[PDB]
């Protein structure tokens, strides 16, 4: 509607420009595959690319509300109306991340609670059978599809909300999670927490050997230290995963804010 048309172009151009920067960033990374910073730059670009496409696909809904709000002018005021009239985008981007981190945190806490009773299960003798029972139970619980396991889509209330495969795969790639996290359900797909560390744990407990009468298992210090270390390392992986999702969320907040600045500056210039 008049000045909105300009804003629509800005998204198109932005989407085009980003599509190119995602490629440029992927190349730079290819040349130095193990660089932490190059990987994040590439991924930020992808996240940003997905964000503009998101906005692009919500053009109709968003422009409608913004136009209304407009039909009633400070730059700060423009920025504010844009800020409260783009939930279509906000809820499907930041809302998702908010949910990803909330769910992964609860998942990690559930694990922490299990660690709490390790001493109670301890050459050395470890209550192998009972520790593995809690781990295996944790796995089966978080290996289901419900509001305690799903990262994307956000599960709003009672029932199970799914997405198309491409949508879920896009979030799978943005969160950089393994394929084991992608699950089918009903008409679509969902992204759930990574259980690989837990499964590796119970798996390694099995490698300690069959227990005895106590159903427990005693082992010399060498064998125990190596087990305790491999175990702690798996816990660290889950901790690392939680932290990377948190950092991606924080990065997303900044990309979202920048998009709002662009959107606002355009609308402003268009009204002049």
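Positions refer to the first chain, counted from 1.
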*Can you count, per the entry, how many deposited residues between residue 122 and residue 123 come without coordinates? Answer none, 1 to 3, 4 to 9, or 10 or more.*
4 to 9
*Is there a break between residue 72 and residue 73, and how many deposited residues does it span: none, 1 to 3, 4 to 9, or 10 or more?*
10 or more
*Comparing 74 to 82 with 87 to 95, which stretch shows the greater average C-alpha B-factor in the deposited entry?*
74 to 82
*asked:* Test of understanding: from the entry's C-alpha B-factors, which stretch has the higher mean, 4 to 12 or 261 to 269?
replied: 4 to 12
*Can you tell me which of 149, 179, 133, 155 has the highest Cα temperature factor in the record?*
133
*According to the deposited entry, which of 102, 172, 118, 198 has the largest Cα B-factor?*
118
*asked:* Quick check on the deposited entry: does the C-alpha B-factor of residue 191 sit in the lowest, middle or highest third of its chain?
replied: lowest
*Among the chain's modelled residues, which third holds the C-alpha B-factor of residue 106?*
middle
*When the modelled residues of the chain are sorted by Cα temperature factor, does residue 222 land in the lowest, middle or highest third?*
highest
*State the tercile, meaning the lowest, middle or highest third, of residue 210 with respect to the CA B-factors recorded for its chain.*
highest
*asked:* Sorting by Cα B-factor within the chain, modelled residues only, which third would residue 63 end up in: lowest, middle or highest?
replied: highest
